[PDB]
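Each ligand, and each atom within it, is numbered from 1 in the order the structure gives. Chain naming here is simple, since letters A, B, ... match the order of the sequence lines and numbering starts at 1 in each.
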Amino acid sequence: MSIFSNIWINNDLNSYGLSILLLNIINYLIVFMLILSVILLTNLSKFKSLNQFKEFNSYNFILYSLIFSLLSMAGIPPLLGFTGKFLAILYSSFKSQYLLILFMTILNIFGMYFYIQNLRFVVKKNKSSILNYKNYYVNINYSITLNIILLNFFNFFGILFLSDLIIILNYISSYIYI
Amino acid sequence: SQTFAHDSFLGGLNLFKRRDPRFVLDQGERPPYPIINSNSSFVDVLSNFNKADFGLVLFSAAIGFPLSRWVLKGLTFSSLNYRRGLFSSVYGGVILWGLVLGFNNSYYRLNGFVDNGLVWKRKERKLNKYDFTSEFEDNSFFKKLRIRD
Amino acid sequence: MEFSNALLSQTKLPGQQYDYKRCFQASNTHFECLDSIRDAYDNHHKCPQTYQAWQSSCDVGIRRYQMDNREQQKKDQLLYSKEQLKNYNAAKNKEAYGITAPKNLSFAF
Amino acid sequence: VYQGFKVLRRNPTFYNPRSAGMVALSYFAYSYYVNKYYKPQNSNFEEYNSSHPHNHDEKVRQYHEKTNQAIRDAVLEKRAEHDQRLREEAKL
Amino acid sequence: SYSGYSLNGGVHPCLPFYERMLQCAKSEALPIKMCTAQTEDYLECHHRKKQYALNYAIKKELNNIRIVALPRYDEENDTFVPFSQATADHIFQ
Amino acid sequence: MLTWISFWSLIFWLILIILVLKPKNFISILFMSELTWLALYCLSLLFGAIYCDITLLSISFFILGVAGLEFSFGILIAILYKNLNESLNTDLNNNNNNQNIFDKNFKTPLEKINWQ
Amino acid sequence: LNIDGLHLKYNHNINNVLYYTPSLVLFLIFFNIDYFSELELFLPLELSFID
Amino acid sequence: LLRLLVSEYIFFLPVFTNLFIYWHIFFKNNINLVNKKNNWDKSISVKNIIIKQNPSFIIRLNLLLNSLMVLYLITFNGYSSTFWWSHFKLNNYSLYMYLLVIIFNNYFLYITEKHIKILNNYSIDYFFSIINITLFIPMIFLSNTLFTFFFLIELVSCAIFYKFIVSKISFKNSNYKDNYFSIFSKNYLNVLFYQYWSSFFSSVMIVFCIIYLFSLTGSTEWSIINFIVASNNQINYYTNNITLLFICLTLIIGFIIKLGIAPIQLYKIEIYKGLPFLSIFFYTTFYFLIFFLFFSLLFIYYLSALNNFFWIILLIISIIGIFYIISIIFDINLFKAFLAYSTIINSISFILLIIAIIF
Amino acid sequence: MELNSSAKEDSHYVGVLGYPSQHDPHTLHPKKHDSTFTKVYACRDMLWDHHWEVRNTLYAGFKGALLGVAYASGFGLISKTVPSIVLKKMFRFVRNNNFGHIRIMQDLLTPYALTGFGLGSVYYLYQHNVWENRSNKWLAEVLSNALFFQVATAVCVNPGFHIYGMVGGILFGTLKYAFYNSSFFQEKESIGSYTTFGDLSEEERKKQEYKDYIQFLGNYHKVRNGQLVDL
Ligand SMILES: CCCCCCCCCCCCCCCCCC(=O)OC[C@H](COP(=O)([O-])OCC(O)COP(=O)([O-])OC[C@@H](COC(=O)CCCCCCCCCCCCCCCCC)OC(=O)CCCCCCCCCCCCCCCCC)OC(=O)CCCCCCCCCCCCCCCCC
Ligand SMILES: CCCCCCCCCCCCCCCCCC(=O)OC[C@H](COP(=O)([O-])OCC(O)COP(=O)([O-])OC[C@@H](COC(=O)CCCCCCCCCCCCCCCCC)OC(=O)CCCCCCCCCCCCCCCCC)OC(=O)CCCCCCCCCCCCCCCCC
Ligand SMILES: CCCCCCCCCCCCCCCCCC(=O)OC[C@H](COP(=O)([O-])OCC(O)COP(=O)([O-])OC[C@@H](COC(=O)CCCCCCCCCCCCCCCCC)OC(=O)CCCCCCCCCCCCCCCCC)OC(=O)CCCCCCCCCCCCCCCCC
Ligand SMILES: CCCCCCCCCCCCCCCCCC(=O)OC[C@H](COP(=O)([O-])OCC[N+](C)(C)C)OC(=O)CCCCCCCCCCCCCCCCC
Ligand SMILES: CCCCCCCCCCCCCCCCCC(=O)OC[C@H](COP(=O)([O-])OCC[N+](C)(C)C)OC(=O)CCCCCCCCCCCCCCCCC
Ligand SMILES: CCCCCCCCCCCCCCCCCC(=O)OC[C@H](COP(=O)([O-])OCC[N+](C)(C)C)OC(=O)CCCCCCCCCCCCCCCCC
Ligand SMILES: CCCCCCCCCCCCCCCCCC(=O)OC[C@H](COP(=O)([O-])OCC[N+](C)(C)C)OC(=O)CCCCCCCCCCCCCCCCC
Ligand SMILES: CCCCCCCCCCCCCCCCCC(=O)OC[C@H](COP(=O)([O-])OCC[N+](C)(C)C)OC(=O)CCCCCCCCCCCCCCCCC
Ligand SMILES: CCCCCCCCCCCCCCCCCC(=O)OC[C@H](COP(=O)(O)OCCN)OC(=O)CCCCCCCCCCCCCCCCC
């Protein structure tokens with residue numbers, strides 16, 4: 001907001017923090033959906049303790065899907081959760097909140113280790129058998145695998161297409177007159 | 001020329017042709033078409049029914065058969081009577097949704113939101129200052145889904 | 001939202017209703033007279049009868065929105081033109097395919 | 001009370017008279033404290049509309065009042081002048 | 001919401017002030033600053049803070065020793081007669 | 001001694017304090033929750049009378065209905081305690097030592113820890 | 001449930017002295033939402049006339 | 001009342017239609033097993049009285065009606081204003097929130113249908129409760145007053161309690177050692193107890209806040225509340241900072257107890273421990289996409305005029321929660337606890353972002 | 001809600017606006033003709049005098065004591081476990097003495113109240129006599145709070161937690177600089193506001209503002225780099 005002979009100039013978009021908040025919520029929901037789809041594809045009774053993360057030590061698709069989902073939740077740069085965290089920090093800097101940035105970073109790093117430590121448990125002595133048996137054979141669901149694959153693609157390459165999602169979220173939030 | 005005639009059986013396809021991606025107009029913005037009845041009650045909205053609304057109902061009836069069967073395909077441990085009853089319930093629900101869409105279309109035509117066959121005497125014309133879609137629509141299939149003054 | 005004119009105009013009394021047909025007819029008549037006058041600043045007193053009809057028919061919030069929209073339209077008309085905007089948008093869309101490389105070793109500032 | 005004595009033998013007055021008295025005394029003291037000291041302090045009516053208020057809150061309130069009055073007067077005067085000018089220009 | 005009804009189905013006593021405030025808010029381009037009068041009138045009719053302040057001041061003044069005897073009210077003529085004057089309806093007589 | 005507004009405003013939170021304070025027996029907590037709903041009922045009626053607000057007056061039956069539904073759910077949960085083998089006194093459902101209880105004492109279901 | 005009426009043997013004094021008495025004291029000291037409501041007998045009833 | 005405009009209730013027709021269809025089909029399914037065989041009727045095969053119907057058809061019905069509601073929204077038209085006595089707001093942002101909630105619910109229902117086809121451990125009542133939640137939860141963003149918001153959230157809370165009640169308890173597993181011994185599991189009671197009491201606390205506090213908001217401002221509409229608060233700041237008429245701060249505290253604490261944010265989190269951990277994976281799958285979606293989003297909009301959009309009080313409360317809550325969980329999040333040993341604490345950490349981060357936004 | 005409103009006040013801005021200033025003396029001046037009781041009662045302005053070091057120290061001590069009592073009421077006493085025999089003896093005292101709860105509360109809250117009073121007084125004296133006129137305010141707050149809380153955690157809680165005390169003190173100093181010595185959510189001025197002095201004509205002011213706008217245009221990257229399409 002600048003005044004030059006009673007002419008106001010606004011280089012700030014007020015309906016931007018709300019868009020960033022929506023983006024963070026959507027990114028967390030997407031990553032949560034990815035991990036929960038991986039869980040639902042398998043047998044649910046196996047996973048009952050943090051130690052049981054080793055039970056995810058199954059064929060490459062499930063194993064690496066879990067690994068990348070955990071990393072994305074932690075906030076590792078290339079993955080989806082990093083976009084939300086980075087944009088939150090960027091908006092905090094734009095609003096000039098150094099203390100908020102400090103506390104966000106403390107929480108982020110503590111939560112990052114909280115997510116990462118499970119990768120230690122993911123290691124298993126042998127390959128786990130977590131699939132339900134149907135017709136005497138393990139039941140692998142093509143539909144859930146396809147959904148997990150789309151989620152994996154977007155988790156890996158969200159940064160490339162994030163501009164369109166940001167445009168859409170800002171468009172949605174601009175209707176709010178705040 | 002861009003919208004189907006409101007009095008035809010295909011006049012219900014104008015619901016998908018919108019000038020801007022907004023949901024509702026601002027409080028004070030003139031509707032695109034002349035207003036026929038701003039304070040419309042249930043009886044007059046029903047009286048304003050048209051071949052377009054009948055066509056919407058027919059579309060709902062035609063599309064509710066594949067959808068009803070699709071819903072029924074997830075049914076197990078069911079007798080023939082219950083399966084037929086469930087199909088009837090789903091089909092009736094889809095047809096009722098078609099009736100609701102027809103009622104909404106009639107309401108929109110009364111309020112001028114969709115093409116009601118009338119045009120304002122003096123058009124309020126915009127200046128297309130920001131244009132990311134004119135060339136795209138002209139060279140693509142989406143020119144049919146948008147209405148331009 | 002306390003500062004939002006649109007949200008405040010969306011408010012209403014429990015029994016209040018708007019006759020949009022009548023309000024828009026009156027507003028169209030008044031704005032046609034104003035356009036016939038064709039002045040830089042809308043002087044409603046130059047159209048007394050239509051101004052009174054417009055005030056009676058339309059609500060305060062609707063009138064506020066209409067006047068703001070008219071001001072924006074006047075500014076846009078003074079600034080741009082249809083052909084100018086068409087050419088500018090075409091040029092900008094054509095440019096969007098290329099890249100914007102930095103200009104190193106500038107001369108200004 | 002039918003069989004009033006048999007009914008009132010156990011608890012004629014109170015089950016724990018000492019605790020009842022403590023409750024009464026606490027209620028009395030708290031009501032006194034609130035009404036006499038706490039609520040009047042929050043209301044802040046002692047210096048209300050005083051011509052020479054010694055309280056910062058009252059001074060701020062009077063400043064708000066006078067500033068709003070001045071704003072309303074100035075805007076009314078400016079709007080009257082603007083309307084007069086428009087009316088004069090209309091008849092030309 | 002503000003229904004605008006009273007406790008017997010009538011009209012809420014604040015309805016005129018509420019209508020004025022809403023009209024001003026809709027009309028003004030700066031409703032917060034340009035509707036102070038109407039909004040304060042509505043808030044006064046709703047909360048009655050000013051009357052409570054007046055009552056507090058009057059209680060303090062009554063506690064102070066300034067008033068001895070108010071004039072009697074002659075209801076037949078709808079007039080006020082000084083307490084000193086004797087009347088048939090006077091309590092002391 | 002106290003104005004009704006201040007009295008009811010205070011006693012609502014006092015009732016909540018009593019609910020938290022009393023030993024956690026599901027039936028007792030249910031009764032205290034009902035009392036809290038009724039305190040809200042009385043407070044809403046008081047404010048409705050003060051401000052001539054039919055909405056505040058009408059909140060009475062809404063509060064009554066919500067309280068009735070919650071009481072029904074509480075009855076069902078209290079009955080379900082039996083099938084789930086839980087003492088209504090929740091403090092007895094854990095082995096944590098509590099000085100507030102005179103006779104809390106649990107042992108492993110054994111007869112002798114040492115055999116040889 | 002609990003037909004005999006026998007209840008848990010609970011001593012409220014411990015919590016009363018440890019947490020509840022001081023917390024209630026602080027809450028009572030710092031809690032008053034009534035802004036300017038006036039008690040009856042605050043002013044003579046003869047001043048009120050609207051009723 | 002002389003004329004009842006269709007504008008006051010146009011938006012209610014699709015939701016009423018969906019409600020009618022859902023409940024009619026639910027009753028028919030409930031009475032499905034009743035099929036009399038007349039003495040002259042001939043049976044081609046012997047009737048199988050034992051039946052366990054897969055809920056895939058219920059899930060598909062929910063998907064179909066959600067898609068129809070999406071179609072209604074896409075074709076929707078009207079003026080931006082309030083309808084039905086100014087209790088519901090109809091504007092672009094509110095409608096977009098409604099549409100976003102519906103779309104996410106549709107996608108989650110699609111994934112759930114695939115999972116149910118994989119394996120069936122969920123009854124028809126489970127997905128009927130999900131149907132009710134999906135039908136009634138997006139209506140929250142159309143709320144125009146705190147009163148209607150409270151009633152809608154109460155209805156959604158009852159639906160979620162129904163969903164938790166209909167959780168499957170006993171499984172047919174491969175453990176043959178407990179046939180003649182009593183095994184005690186308290187997860188069901190713990191979930192019900194904590195959910196019920198959290199709902200009670202949140203509801204009472206929100207009702208208290210509603211009463212005091214009515215006292216402060218003659219109405220409880222968002223626009224009127226904000227306008228009155230701003231004008232009060234301008235005039236300096238009503239200056240009971242204690243009352244304003246207490247109203248803000250009651251509202252924030254009610255929402256804290258409702259959501260289960262770091263200061264009050266252990267009950268959320270217990271609920272997650274006792275819930276099935278699919279229940280968590282739906283509950284996290286509902287929570288983040290509606291409850292937490294509306295909690296954020298309370299400070300951003302609805303009660304924006306009170307941000308002069310909300311900022312300090314939010315900061316204190318965030319600091320206390322961070323310093324309280326920094327150690328707890330490393331003390332858990334359960335998958336459900338991990339999921340719940342992931343949600344809690346993200347909630348705290350979003351609260352910090354909300355503070356930054358309201359700045 | 002503001003923290004330390006008086007300290008962070010723009011005297012010049014409030015003076016030009018006419019807004020009442022919190023720096024006003026706020027003192028009573030009884031007349032020489034006034035009653036003796038009035039003269040004695042007018043002495044209470046020493047309780048408002050903010051330059052009285054003894055008054056400020058007692059004020060800080062009262063704040064610390066109240067904080068300690070609140071901590072005891074909330075967390076300290078409930079976490080600490082008292083011996084059963086001690087509890088029985090004190091309950092017997094309550095039974096045998098009227099208002100025994102008051103004396104029990106006094107006994108239980110004496111340690112917390114006294115330590116809080118000591119901490120408050122020492123902290124006020126420390127911050128006032130030292131660090132009050134340093135150059136880097138943020139650094140002064142951080143270092144002072146770090147040292148003070150390190151010593152406090154070493155003494156009150158445990159000598160083995162002094163590093164955590166120091167880290168918490170650094171965090172508290174940053175927080176205090178953010179929201180106590182600075183006005184982030186307590187703004188009393190509009191961003192970009194100013195005051196005009198000197199006899200400059202409106203035409204001259206408009207000309208200077210036009211020049212300022214021309215300079216401001218250079219901020220935009222597109223205009224500075226000459227990367228704009230011809231409109
Ligand atoms: C059959 C598929 C055939 C695909 C052929 C290639 C076509 C493109 C891919 C299309 C795939 C569509 C369907 C999704 C499949 C994948 C998900 C899945 O579930 O698969 C299951 C499926 C079967 O299950 P499975 O194999 O048992 O499961 C194993 C797991 O999936 C674990 O497997 P993994 O460990 O190998 O997974 C890859 C791993 C690690 O993968 C990587 O690191 C990717 C490295 C790509 C090579 C180039 C990198 C260059 C980076 C330079 C710096 C750029 C900075 C830019 C600034 C922002 C930051 C990026 O994880 C990540 O990707 C996370 C890190 C992402 C880093 C972001 C890099 C962005 C680069 C953007 C392109 C730049 C192009 C510049 C040149 C052109 C200029 C005009 O998996 C596979 O068959 C293998 C998938 C492996 C990844 C495939 C893509 C790698 C090659 C990409 C080449 C093109 C560039 C990228 C852009 C593409 C368009 C947006
Ligand atoms: C940068 C961060 C980005 C984060 C992104 C986060 C999300 C990423 C993952 C999810 C993305 C959506 C994936 C598609 C839906 C899932 C189901 C599916 O299609 O696969 C089943 C189906 C598999 O077929 P099948 O294996 O032969 O048979 C399966 C069964 O046996 C037999 O199948 P059935 O008979 O049981 O079911 C048949 C039905 C099953 O599919 C379904 O029923 C759809 C279920 C999802 C419903 C919600 C979709 C919402 C889309 C809008 C954007 C939001 C996406 C949010 C997604 C997460 C929500 C939690 O199939 C379809 O019809 C597929 C149509 C999918 C497109 C629907 C578009 C709806 C648009 C509505 C809004 C329009 C704008 C309104 C504006 C209003 C303004 C006033 O899919 C396919 O046939 C093609 C698969 C391979 C191509 C997939 C291409 C996906 C493209 C996604 C574009 C996302 C937006 C653009 C990018 C945005 C970021 C830059
Ligand atoms: C309005 C709501 C409350 C109404 C009353 C209660 C009824 C409703 C109950 C439901 C509400 C929740 C109750 C939760 C109870 C929690 C457990 C408990 O403590 O009770 C169990 C307790 C034991 O139950 P039990 O085993 O059945 O009975 C055994 C014995 O027979 C029992 O006999 P005992 O003698 O052993 O017990 C006596 C009991 C009850 O207390 C009494 O005996 C009466 C005390 C009256 C107040 C005396 C203080 C002075 C008041 C001045 C007021 C005017 C100020 C004007 C200022 C003007 C400024 C310009 O003693 C206490 O509670 C201990 C604290 C009492 C002193 C509070 C001092 C507050 C101010 C402190 C300021 C800081 C001072 C710093 C040092 C200064 C040095 C110079 O129950 C009872 O004795 C009956 C209930 C009593 C509840 C009292 C709750 C505390 C509030 C006291 C009044 C606060 C006034 C604040 C404003 C004035 C400030 C100056
Ligand atoms: C979160 C919860 C869900 C969302 C929120 C819930 C919203 C709740 C509030 C909804 C208010 C809706 C009010 C609509 C009132 C107007 C209705 C209408 O259009 O009437 C037009 C017509 C009148 O149209 P009109 O208004 O044009 O008529 C007057 C015309 N002039 C003035 C010109 C003379 O109404 C009627 O004639 C009938 C009135 C109702 C009669 C009684 C119906 C009872 C039905 C009971 C249930 C039956 C179930 C059957 C099931 C069968 C299969 C199993
Ligand atoms: C309408 C029905 C009428 C008929 C009812 C039946 C009438 C006959 C029976 C009545 C008494 C019940 C039977 C008692 C048998 C046991 C006798 C006994 O132990 O003593 C009884 C009681 C004993 O009470 P207590 O102190 O033991 O009570 C505690 C009880 N336990 C032990 C169980 C905890 O005698 C008295 O208390 C007498 C002294 C106090 C009296 C009350 C004073 C305060 C209230 C009145 C105030 C009056 C005005 C003055 C105050 C200022 C006013 C401004
Ligand atoms: C110039 C003249 C022009 C004249 C044009 C006249 C035609 C106008 C109408 C065109 C309709 C085009 C197709 C519409 C979609 C048909 C969907 C269908 O049948 O799928 C059945 C299918 C049923 O499945 P299925 O039949 O594909 O087979 C299922 C097989 N298994 C199960 C084994 C996989 O429906 C679905 O699966 C959808 C489930 C979710 C619900 C989605 C509801 C969508 C509602 C769309 C309404 C119509 C919108 C039209 C928009 C027009 C815009 C211009
Ligand atoms: C998120 C960011 C985290 C920031 C981390 C902050 C680090 C905190 C470190 C705390 C150290 C313990 C408290 C030190 C208190 C004394 C500080 C002081 O005197 O400086 C004030 C004076 C006041 O300075 P000033 O404010 O007048 O001038 C500031 C100058 N500029 C602007 C250039 C920065 O500052 C200094 O002279 C030192 C500044 C740097 C800090 C040096 C700390 C030395 C600590 C060891 C002292 C050893 C003493 C002798 C014993 C040696 C061993 C036997
Ligand atoms: C209350 C007041 C204090 C508040 C402090 C708030 C700020 C805290 C800042 C923390 C920064 C580190 C973030 C990651 C936290 C990881 C938590 C965790 O669980 O880790 C466990 C692990 C250690 O546990 P582990 O992996 O060995 O556990 C093995 C399993 N058990 C324990 C069961 C046997 O921590 C780490 O891996 C290290 C974390 C990163 C450390 C980065 C470098 C140090 C950063 C701090 C500065 C120190 C400067 C010292 C200078 C000395 C000069 C002489
Ligand atoms: C009709 C239309 C429809 C509505 C129907 C309404 C139905 C109402 C049903 C009422 C049932 C009454 C009988 C049951 C309760 C009897 C009281 C009781 O149980 O007391 C419990 C509790 C106090 O218990 P405790 O402290 O142990 O001491 C007992 C001393 N009574 O009690 C308390 O908390 C306080 C008890 C107060 C007792 C007061 C006794 C006064 C006696 C007056 C005698 C006559 C003189 C009156 C003078 C008046 C002057 C103004």
Side-chain angles (χ1 to χ4, degrees), chain A residues 102 105-106 108-114 116-117 120, chain B residues 40-47, chain D residues 15-34 36-38 41, chain F residues 1-2 7 10-11 13-15 17-18 21, chain G residues 12-13 15-17 19-29, chain H residues 2-6 8-9 11-13 15-16 19-20 23-24 27 84 87-88 135-136 139-140 142 148 151-152 155-156 322-323 326-327 329-330, chain I residues 65-66 69 91 93-95 97-106 109 113 149 153 161 163-172:
Chain A
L102 167 59
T105 60
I106 293 171
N108 286 14
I109 193 64
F110 273 99
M112 178 179 297
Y113 192 87
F114 168 71
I116 287 294
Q117 65 171 359
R120 185 180 196 268
Chain B
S40 58
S41 59
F42 193 93
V43 66
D44 57 63
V45 171
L46 264 57
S47 176
Chain D
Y15 176 76
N16 197 324
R18 176 180 166 188
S19 305
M22 295 301 174
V23 167
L25 203 68
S26 297
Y27 165 64
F28 184 79
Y30 178 77
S31 65
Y32 244 84
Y33 160 83
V34 168
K36 300 297 181 296
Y37 165 78
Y38 199 68
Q41 180 196 346
Chain F
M1 295 291 296
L2 287 171
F7 176 80
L10 175 55
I11 67 97
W13 300 104
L14 292 188
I15 292 165
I17 290 166
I18 305 323
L21 180 159
Chain G
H12 60 280
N13 295 320
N15 285 336
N16 285 191
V17 302
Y19 176 89
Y20 286 95
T21 310
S23 63
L24 174 59
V25 164
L26 292 176
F27 181 81
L28 293 179
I29 290 284
Chain H
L2 300 175
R3 196 175 193 176
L4 181 65
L5 308 184
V6 173
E8 299 290 352
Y9 58 90
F11 194 90
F12 290 142
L13 302 181
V15 297
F16 284 5
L19 190 65
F20 267 96
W23 281 86
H24 182 64
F27 275 77
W84 197 250
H87 281 47
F88 294 89
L135 177 59
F136 287 133
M139 204 77 176
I140 292 172
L142 295 166
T148 181
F151 278 76
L152 295 174
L155 179 59
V156 173
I322 292 170
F323 282 114
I326 273 170
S327 304
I329 63 180
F330 300 103
Chain I
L66 178 58
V69 168
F91 300 161
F93 171 87
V94 176
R95 298 197 314 271
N97 303 89
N98 293 326
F99 309 95
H101 276 289
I102 302 180
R103 186 156 188 177
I104 289 184
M105 292 303 92
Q106 183 275 344
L109 303 175
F149 283 108
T153 306
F161 303 148
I163 57 180
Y164 306 118
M166 184 181 66
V167 175
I170 294 169
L171 284 168
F172 176 84

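- Protein residues with a heavy atom under 4.0 Å from ligand 4 are B:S41, B:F42, B:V43, H:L4, H:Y9, H:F12, H:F16, H:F20, H:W84, H:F136, H:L152.
- Side chains of H:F88 and H:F11 form no contact here, defined as non-hydrogen atoms less than 4.5 Å apart.
- Proximity of H:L19 to H:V15: side-chain heavy atoms (C-beta onward) are nowhere separated by under 4.5 Å.
- Within ligand 3, the atoms closer than 4.0 Å to a non-hydrogen atom of I:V94 are 36 (O), numbered from 1 in the order shown.
- Residue I:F99 has at least one N or O atom closer than 3.5 Å to an N or O atom of ligand 3.
- Using a 4.5 Å heavy-atom threshold, the side chains of I:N98 and D:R18 count as touching.
- Inclusion of A:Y113 in the set of residues having an N or O under 3.5 Å from an N or O of ligand 8 is warranted.
- Remark: distances from the non-hydrogen atoms of I:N97 to ligand 3 are all 4.0 Å or more.
- The heavy atom nearest to atom 16 (C) of ligand 3, out of those in D:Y37, G:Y19, G:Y20, is found in G:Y20.
- Not one N or O of D:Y32 is nearer than 3.5 Å to an N or O of ligand 3, by distance alone.
- Distances below 4.0 Å separate heavy atoms of I:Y164 from the following atoms of ligand 8: 2 (C).
- Ligand-side atoms of ligand 8 in range of A:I109: 13 (C), 14 (C), range being under 4.0 angstrom from any heavy atom.
- The atoms of ligand 8 that sit less than 4.0 Å from any heavy atom of I:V167 are 3 (C), 5 (C).
- At the top of the distance list for atom 65 (C) of ligand 3, counting protein heavy atoms only, stands I:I102 CG1, 3.9 Å.
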